[PDB]
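To keep things clear, I will list the structure first and then write my remarks on it.
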Amino acid sequence: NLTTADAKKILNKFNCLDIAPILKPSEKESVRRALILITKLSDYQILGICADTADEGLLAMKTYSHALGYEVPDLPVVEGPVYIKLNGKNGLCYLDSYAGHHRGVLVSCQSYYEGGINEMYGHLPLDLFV
Ligand SMILES: [Cl-]
C-alpha cells in the first residue's frame, strides 16, 4: 500500500523533465498508482499534453482522463506536433499546434484548501495509461 510521501517521491522523479522517459512495465504501474493517489488528494487537475502527432496526443488525453475519472470529448486535429489542454475545474479542452520541444503530460493538481495538493508533476509518459 502506497503512502502519500511515497507517491510524491515517485512523481518528483519527473520534476522539470522536458521529455518523458520510456518506462518499463512495472515502473509504469508504480507511477500510475502514485498519480492516482495524489490526484485524490486534490480537488481537480489540469492536463497539458505535448505529443509528436495529434493521434498520440489524443490517445494520452483519452487514457489519462479516464484513469482520473474525467469525461472527455472529438477535438479537431492539426498536422505536426500538438499541445492539448484539459482543464478539470472549468472543462476547457483544446488542441493546438505545438512549436515547443517538450513531450509527455504535465498534471497540475490543485486544491482550494490548505492541506490539499497544489503541485505540478511531469512530464510523465504519453503512454502511462496504455
Ligand atoms: Cl514539474
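Letters A, B, ... mark the chains of the C-alpha cells in the order given; residue numbers begin at 1 per chain; ligand numbers begin at 1, in order shown.
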
Next item on the list: Give as a list in words the residues surrounding ligand 1 up to a distance of 12 Å, considering only C-alpha atoms and all ligand atoms.
Entry: residues 8, 11, 12, 13, 14, 15, 16, 17, 18, 19, 20, 48, 102, 104, 105, 106, 107, 108, 109, 118, 119, 120, 121, 122, 123 and 124 of chain A

Checklist line | Contacts of residue A:52 at 7 Å (only C-alpha atoms; same-chain gap of 2+ positions) as number ranges by chain | finding: A: 56, 80-82

For those residues, write C-alpha atoms to a file as an mmCIF file, in the first residue's frame.
data_model
loop_
_atom_site.group_PDB
_atom_site.id
_atom_site.type_symbol
_atom_site.label_atom_id
_atom_site.label_comp_id
_atom_site.auth_asym_id
_atom_site.auth_seq_id
_atom_site.Cartn_x
_atom_site.Cartn_y
_atom_site.Cartn_z
ATOM 1 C CA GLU A 56 -0.605 10.196 -29.860
ATOM 2 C CA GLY A 80 2.655 18.074 -36.792
ATOM 3 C CA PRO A 81 3.301 18.219 -33.039
ATOM 4 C CA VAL A 82 0.371 19.107 -30.758
#

Notebook entry, point to check: In stretch 19-113 of chain A, what's helix (DSSP H, G or I) per DSSP? Answer as a PyMOL selection string?
Noted result: chain A and resi 25-40+54-67

Take the residues from that selection and put them in a file with N, CA, C and O atoms, as a short mmCIF file (atom, residue, chain, number, x, y, z; two decimals), in the first residue's frame.
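Generated file (selection-v3.cif):
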data_model
loop_
_atom_site.label_atom_id
_atom_site.label_comp_id
_atom_site.auth_asym_id
_atom_site.auth_seq_id
_atom_site.Cartn_x
_atom_site.Cartn_y
_atom_site.Cartn_z
N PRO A 25 7.38 -1.69 -17.85
CA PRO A 25 6.02 -2.03 -17.40
C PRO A 25 5.72 -1.83 -15.90
O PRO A 25 4.69 -1.22 -15.51
N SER A 26 6.60 -2.32 -15.04
CA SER A 26 6.37 -2.22 -13.61
C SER A 26 6.66 -0.82 -13.09
O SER A 26 6.13 -0.41 -12.06
N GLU A 27 7.51 -0.07 -13.79
CA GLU A 27 7.73 1.31 -13.44
C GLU A 27 6.46 2.09 -13.74
O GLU A 27 6.07 2.94 -12.97
N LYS A 28 5.83 1.80 -14.87
CA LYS A 28 4.62 2.48 -15.22
C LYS A 28 3.56 2.21 -14.18
O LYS A 28 2.81 3.11 -13.84
N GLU A 29 3.47 0.98 -13.69
CA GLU A 29 2.46 0.64 -12.68
C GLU A 29 2.67 1.47 -11.44
O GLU A 29 1.71 1.91 -10.86
N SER A 30 3.92 1.64 -11.01
CA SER A 30 4.21 2.46 -9.82
C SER A 30 3.80 3.89 -10.03
O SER A 30 3.19 4.51 -9.18
N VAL A 31 4.14 4.44 -11.20
CA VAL A 31 3.80 5.83 -11.46
C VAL A 31 2.30 6.03 -11.56
O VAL A 31 1.77 7.07 -11.15
N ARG A 32 1.60 5.03 -12.09
CA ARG A 32 0.15 5.11 -12.18
C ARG A 32 -0.48 5.19 -10.80
O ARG A 32 -1.34 6.03 -10.54
N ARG A 33 -0.06 4.28 -9.93
CA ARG A 33 -0.59 4.24 -8.60
C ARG A 33 -0.32 5.53 -7.86
O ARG A 33 -1.20 6.04 -7.15
N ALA A 34 0.90 6.03 -7.98
CA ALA A 34 1.31 7.32 -7.36
C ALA A 34 0.41 8.46 -7.85
O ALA A 34 -0.09 9.26 -7.06
N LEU A 35 0.16 8.50 -9.15
CA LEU A 35 -0.59 9.60 -9.74
C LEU A 35 -2.05 9.53 -9.33
O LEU A 35 -2.64 10.55 -9.02
N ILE A 36 -2.61 8.34 -9.29
CA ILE A 36 -3.98 8.18 -8.89
C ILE A 36 -4.17 8.57 -7.43
O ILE A 36 -5.14 9.25 -7.11
N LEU A 37 -3.26 8.17 -6.55
CA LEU A 37 -3.36 8.53 -5.11
C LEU A 37 -3.31 10.04 -4.95
O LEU A 37 -4.22 10.64 -4.38
N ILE A 38 -2.26 10.65 -5.49
CA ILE A 38 -2.05 12.08 -5.38
C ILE A 38 -3.22 12.90 -5.91
O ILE A 38 -3.58 13.92 -5.31
N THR A 39 -3.81 12.49 -7.02
CA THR A 39 -4.92 13.24 -7.56
C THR A 39 -6.19 13.17 -6.69
O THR A 39 -7.03 14.05 -6.76
N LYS A 40 -6.33 12.12 -5.89
CA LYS A 40 -7.43 12.02 -4.92
C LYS A 40 -7.26 13.00 -3.75
O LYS A 40 -8.21 13.30 -3.04
N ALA A 54 -1.21 14.42 -33.47
CA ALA A 54 -2.49 14.53 -32.83
C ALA A 54 -2.94 13.20 -32.26
O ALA A 54 -3.46 13.16 -31.17
N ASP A 55 -2.75 12.10 -33.02
CA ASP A 55 -3.22 10.78 -32.56
C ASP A 55 -2.58 10.38 -31.23
O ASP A 55 -3.26 9.90 -30.33
N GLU A 56 -1.28 10.60 -31.09
CA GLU A 56 -0.61 10.20 -29.86
C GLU A 56 -1.12 11.07 -28.72
O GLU A 56 -1.34 10.65 -27.57
N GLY A 57 -1.29 12.35 -29.02
CA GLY A 57 -1.79 13.24 -28.03
C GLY A 57 -3.17 12.93 -27.56
O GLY A 57 -3.46 13.03 -26.36
N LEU A 58 -4.07 12.66 -28.50
CA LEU A 58 -5.46 12.32 -28.21
C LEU A 58 -5.57 10.99 -27.46
O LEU A 58 -6.42 10.86 -26.59
N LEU A 59 -4.70 10.04 -27.76
CA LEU A 59 -4.66 8.77 -27.01
C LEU A 59 -4.26 8.99 -25.57
O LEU A 59 -4.89 8.47 -24.66
N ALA A 60 -3.25 9.80 -25.35
CA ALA A 60 -2.87 10.20 -24.00
C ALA A 60 -4.03 10.89 -23.27
O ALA A 60 -4.30 10.58 -22.13
N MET A 61 -4.69 11.83 -23.93
CA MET A 61 -5.79 12.54 -23.33
C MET A 61 -6.89 11.56 -22.92
O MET A 61 -7.41 11.65 -21.81
N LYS A 62 -7.27 10.67 -23.83
CA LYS A 62 -8.40 9.82 -23.54
C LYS A 62 -8.07 8.85 -22.40
O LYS A 62 -8.90 8.70 -21.48
N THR A 63 -6.84 8.32 -22.37
CA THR A 63 -6.46 7.35 -21.37
C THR A 63 -6.21 7.98 -20.00
O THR A 63 -6.66 7.44 -19.00
N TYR A 64 -5.48 9.09 -19.93
CA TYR A 64 -5.31 9.77 -18.66
C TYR A 64 -6.67 10.20 -18.10
O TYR A 64 -6.95 10.01 -16.92
N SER A 65 -7.48 10.82 -18.94
CA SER A 65 -8.73 11.41 -18.43
C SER A 65 -9.64 10.33 -17.85
O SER A 65 -10.19 10.51 -16.78
N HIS A 66 -9.72 9.18 -18.51
CA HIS A 66 -10.40 8.03 -17.99
C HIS A 66 -9.87 7.55 -16.63
O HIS A 66 -10.65 7.38 -15.68
N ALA A 67 -8.56 7.31 -16.52
CA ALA A 67 -7.97 6.84 -15.26
C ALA A 67 -8.20 7.86 -14.17
O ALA A 67 -8.36 7.49 -13.02
#

Pick out each residue of stretch 2-126 of chain A that DSSP on the backbone tags as strand (DSSP E); I need them as a compact mmCIF listing (two decimals) with N, CA, C and O atoms, in the first residue's frame.
# COMPACT_ATOMS: atom_id res chain seq x y z
N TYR A 44 -9.03 19.18 -8.18
CA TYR A 44 -9.11 18.96 -9.62
C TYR A 44 -7.73 18.99 -10.25
O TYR A 44 -6.73 19.35 -9.60
N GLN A 45 -7.69 18.57 -11.51
CA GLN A 45 -6.44 18.54 -12.27
C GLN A 45 -6.58 19.27 -13.60
O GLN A 45 -7.70 19.43 -14.16
N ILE A 46 -5.45 19.78 -14.09
CA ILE A 46 -5.38 20.37 -15.42
C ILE A 46 -4.28 19.57 -16.08
O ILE A 46 -3.23 19.36 -15.48
N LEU A 47 -4.54 19.08 -17.30
CA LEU A 47 -3.54 18.39 -18.08
C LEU A 47 -3.01 19.25 -19.19
O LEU A 47 -3.78 19.93 -19.86
N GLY A 48 -1.70 19.19 -19.37
CA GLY A 48 -1.00 19.79 -20.52
C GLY A 48 -0.25 18.67 -21.22
O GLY A 48 0.65 18.07 -20.62
N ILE A 49 -0.62 18.37 -22.48
CA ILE A 49 -0.12 17.21 -23.24
C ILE A 49 0.62 17.67 -24.47
O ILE A 49 0.05 18.34 -25.29
N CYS A 50 1.93 17.37 -24.56
CA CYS A 50 2.74 17.65 -25.77
C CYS A 50 3.10 16.31 -26.48
O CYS A 50 3.65 15.38 -25.85
N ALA A 51 2.79 16.21 -27.76
CA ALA A 51 2.96 14.98 -28.49
C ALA A 51 3.44 15.26 -29.92
O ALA A 51 3.25 16.35 -30.46
N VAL A 82 1.54 18.50 -31.38
CA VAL A 82 0.37 19.11 -30.76
C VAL A 82 0.54 19.34 -29.28
O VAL A 82 1.37 18.72 -28.59
N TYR A 83 -0.25 20.30 -28.82
CA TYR A 83 -0.46 20.56 -27.43
C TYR A 83 -1.95 20.48 -27.12
O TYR A 83 -2.76 21.16 -27.76
N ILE A 84 -2.30 19.70 -26.11
CA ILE A 84 -3.67 19.51 -25.71
C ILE A 84 -3.78 19.89 -24.27
O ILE A 84 -2.96 19.43 -23.47
N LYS A 85 -4.80 20.69 -23.96
CA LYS A 85 -5.14 21.12 -22.60
C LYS A 85 -6.47 20.47 -22.22
O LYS A 85 -7.36 20.43 -23.03
N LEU A 86 -6.57 19.99 -21.00
CA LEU A 86 -7.83 19.51 -20.44
C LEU A 86 -7.91 20.07 -19.05
O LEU A 86 -7.17 19.67 -18.17
N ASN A 87 -8.79 21.04 -18.85
CA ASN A 87 -8.93 21.70 -17.58
C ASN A 87 -10.09 21.07 -16.81
O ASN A 87 -11.25 21.26 -17.16
N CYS A 93 -11.07 22.47 -22.94
CA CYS A 93 -10.39 21.39 -23.65
C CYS A 93 -10.09 21.87 -25.06
O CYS A 93 -10.99 22.31 -25.75
N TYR A 94 -8.84 21.78 -25.47
CA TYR A 94 -8.47 22.23 -26.81
C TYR A 94 -7.22 21.52 -27.31
O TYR A 94 -6.48 20.99 -26.53
N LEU A 95 -7.02 21.52 -28.61
CA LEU A 95 -5.86 21.02 -29.25
C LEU A 95 -5.27 22.14 -30.12
O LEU A 95 -5.92 22.71 -30.99
N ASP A 96 -4.01 22.40 -29.92
CA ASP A 96 -3.30 23.40 -30.71
C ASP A 96 -2.08 22.82 -31.39
O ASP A 96 -1.52 21.85 -30.92
N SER A 97 -1.65 23.47 -32.45
CA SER A 97 -0.34 23.26 -32.98
C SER A 97 0.70 23.67 -31.98
O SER A 97 0.57 24.73 -31.35
N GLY A 104 5.17 14.54 -23.50
CA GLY A 104 4.61 13.93 -22.32
C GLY A 104 3.52 14.82 -21.73
O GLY A 104 3.03 15.74 -22.38
N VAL A 105 3.17 14.54 -20.49
CA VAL A 105 1.99 15.08 -19.86
C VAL A 105 2.40 15.77 -18.55
O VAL A 105 3.13 15.19 -17.67
N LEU A 106 1.97 17.02 -18.41
CA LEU A 106 2.05 17.71 -17.13
C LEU A 106 0.71 17.67 -16.46
O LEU A 106 -0.30 17.99 -17.06
N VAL A 107 0.70 17.22 -15.21
CA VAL A 107 -0.54 17.13 -14.43
C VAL A 107 -0.43 18.13 -13.27
O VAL A 107 0.38 17.97 -12.39
N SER A 108 -1.22 19.19 -13.34
CA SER A 108 -1.31 20.20 -12.31
C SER A 108 -2.44 19.77 -11.45
O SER A 108 -3.58 19.72 -11.91
N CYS A 109 -2.11 19.48 -10.20
CA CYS A 109 -3.09 19.14 -9.16
C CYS A 109 -3.34 20.35 -8.26
O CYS A 109 -2.41 20.87 -7.62
N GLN A 110 -4.60 20.78 -8.20
CA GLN A 110 -4.96 21.98 -7.48
C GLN A 110 -6.02 21.71 -6.42
O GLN A 110 -6.94 20.93 -6.63
N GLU A 119 0.46 21.12 -6.64
CA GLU A 119 1.74 20.79 -7.27
C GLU A 119 1.51 20.43 -8.72
O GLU A 119 0.42 20.03 -9.09
N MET A 120 2.57 20.54 -9.51
CA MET A 120 2.52 20.15 -10.89
C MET A 120 3.54 19.05 -11.05
O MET A 120 4.64 19.19 -10.56
N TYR A 121 3.17 17.96 -11.72
CA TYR A 121 4.09 16.86 -11.97
C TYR A 121 4.28 16.59 -13.47
O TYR A 121 3.35 16.68 -14.26
N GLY A 122 5.51 16.23 -13.83
CA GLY A 122 5.85 15.75 -15.16
C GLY A 122 7.00 16.49 -15.76
O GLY A 122 7.57 17.37 -15.12
N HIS A 123 7.34 16.20 -17.00
CA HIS A 123 6.50 15.44 -17.91
C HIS A 123 6.51 13.94 -17.72
O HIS A 123 7.55 13.33 -17.64
N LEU A 124 5.30 13.38 -17.65
CA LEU A 124 5.07 11.97 -17.49
C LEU A 124 4.75 11.33 -18.88
O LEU A 124 4.38 12.02 -19.86

Near residue A:113, within 9 Å and counting only C-alpha atoms, which residues show up once chain neighbours fewer than 2 positions away are dropped, as a PDB file with N, CA, C and O atoms, in the first residue's frame?
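Saved the output as result15.pdb:
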ATOM      1  N   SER A  42      -6.410  16.045  -4.210  1.00  0.00           N
ATOM      2  CA  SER A  42      -6.612  17.374  -4.782  1.00  0.00           C
ATOM      3  C   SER A  42      -8.033  17.525  -5.304  1.00  0.00           C
ATOM      4  O   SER A  42      -8.732  16.535  -5.555  1.00  0.00           O
ATOM      5  N   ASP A  43      -8.480  18.761  -5.451  1.00  0.00           N
ATOM      6  CA  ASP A  43      -9.861  18.991  -5.906  1.00  0.00           C
ATOM      7  C   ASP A  43     -10.028  18.778  -7.404  1.00  0.00           C
ATOM      8  O   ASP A  43     -11.054  18.292  -7.872  1.00  0.00           O
ATOM      9  N   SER A 111      -5.901  22.431  -5.310  1.00  0.00           N
ATOM     10  CA  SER A 111      -6.848  22.330  -4.220  1.00  0.00           C
ATOM     11  C   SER A 111      -7.198  23.721  -3.677  1.00  0.00           C
ATOM     12  O   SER A 111      -6.341  24.622  -3.603  1.00  0.00           O
ATOM     13  N   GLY A 115      -3.561  22.044   2.980  1.00  0.00           N
ATOM     14  CA  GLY A 115      -3.559  20.622   3.258  1.00  0.00           C
ATOM     15  C   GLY A 115      -3.711  19.846   1.970  1.00  0.00           C
ATOM     16  O   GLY A 115      -3.130  18.773   1.815  1.00  0.00           O
ATOM     17  N   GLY A 116      -4.494  20.393   1.038  1.00  0.00           N
ATOM     18  CA  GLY A 116      -4.645  19.808  -0.284  1.00  0.00           C
ATOM     19  C   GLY A 116      -3.396  19.985  -1.140  1.00  0.00           C
ATOM     20  O   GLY A 116      -2.590  20.884  -0.916  1.00  0.00           O
ATOM     21  N   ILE A 117      -3.250  19.120  -2.136  1.00  0.00           N
ATOM     22  CA  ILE A 117      -2.126  19.171  -3.048  1.00  0.00           C
ATOM     23  C   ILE A 117      -2.280  20.384  -3.961  1.00  0.00           C
ATOM     24  O   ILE A 117      -3.353  20.639  -4.488  1.00  0.00           O
TER      25      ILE A 117
END

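Reported to one decimal place, the separation of atom CA of residue A:22 from atom CA of residue A:130 is 12.3 Å.
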
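Counting from atom CA of residue A:53, the distance to atom CA of residue A:77 is 9.0 Å.
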
Check: How far is it from atom CA of residue A:21 to atom CA of residue A:9, in Å with one decimal?
Finding: 16.6 Å

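Each of A:91, A:3, A:72, A:125 was checked against residue A:103 using only C-alpha atoms; the smallest atom-to-atom distance is that of A:125.
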